[PDB]
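Single chain ahead, written as structure tokens, the form deposited in one PDB entry.
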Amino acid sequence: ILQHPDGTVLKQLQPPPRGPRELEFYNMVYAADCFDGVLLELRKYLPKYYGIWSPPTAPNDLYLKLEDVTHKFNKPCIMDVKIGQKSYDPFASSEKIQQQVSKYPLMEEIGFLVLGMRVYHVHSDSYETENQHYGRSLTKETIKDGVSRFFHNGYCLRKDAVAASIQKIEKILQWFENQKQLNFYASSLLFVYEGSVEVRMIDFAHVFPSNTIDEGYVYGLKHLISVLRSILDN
């Protein structure tokens, strides 16, 4: 992810098949002549899409130009959460499945994994960051405190941002409860709040056509909402 002051990000396509699949996802959802009610509603929850982009002198080098969801914030607090029970897709080999489950074997039980967070601390005027090892170290005993950390600014728990996050996730959940045409593996929610609220879906290299409800995604969203709700009682 490269941030541009124009308020966009350039996301370099991942190696095939992942990068091309992400491109096709955006192209399908944002098809100008698309009138599919499901997909028009989905647009609300994605970064705005500005098309494929490559450097003037390098047509080989493919990027997606996307809305920078963090741009409108002064001190954005950012958390990336992978959603679902499975972070491998329906075409994964035994070996790849094992690779993916190995990365976080609690995915089936918890239904989400914190990929990272960056939290503005008011008292020190500084950011505290967690990397991928943080979320992969969380268990059923520790997930609630693990998520809470995102919303702690050094002096208070930001229950306002927690509640707003629940309200925004609930709309995404409603979208998922009302579509049976796409299943999403290894995709994420990006949470952003002002540390001095956004909740958007990102990372679409493993989105596949389906004829059923995305039950792993729904389980994950519901578990995540339940955790957030519990935090409101702290």
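Throughout, rigid core stands for the largest set of C-alpha atoms superposing within 1.5 Å between the two forms. Heads up: residue numbers just count along the shown sequence, starting at 1.
Per the record, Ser196 and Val197 are separated by 4 to 9 deposited residues that have no coordinates. Higher mean CA temperature factor, per the PDB entry, when comparing 78-86 with 142-150: 142-150. Look at the mean CA B-factor for 152-160 and for 98-106 in the entry; the higher one is 152-160. Note on the listed residues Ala32, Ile169, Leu182, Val192: the highest Cα temperature factor in the record is that of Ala32.
The entry lists a Cα temperature factor for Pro47 that places it in the lowest third of the chain's modelled residues. In the deposited entry, the Cα temperature factor of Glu41 places it in the middle third of its chain's modelled residues.
For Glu177, the recorded CA B-factor ranks within the middle third of the chain. Only modelled residues enter the ranking. Ranked by C-alpha B-factor against the other modelled residues of its chain, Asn60 falls in the highest third. Looking at the C-alpha B-factors along this chain, the one for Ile213 belongs to the highest third.
What follows is about the form deposited in another entry, which we do not show.
In a rigid core superposition between this form and the one not shown, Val162 is the single residue of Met107, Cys77, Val81, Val162 whose Cα is displaced by 2 Å or more. Once both forms are overlaid on the rigid core, the distance between the two CA positions of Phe176 between this form and the one not shown is 2 angstroms or more.
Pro56: CA moves 2 Å or more between this form and the one not shown after rigid-core fitting. The distance between the CA atoms of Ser165 and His223 is at least 3 Å longer in that other deposited form than in the form shown here. Inter-residue distance, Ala161 to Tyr134 (Cα): increased by at least 3 Å in that other deposited form versus the depicted form.
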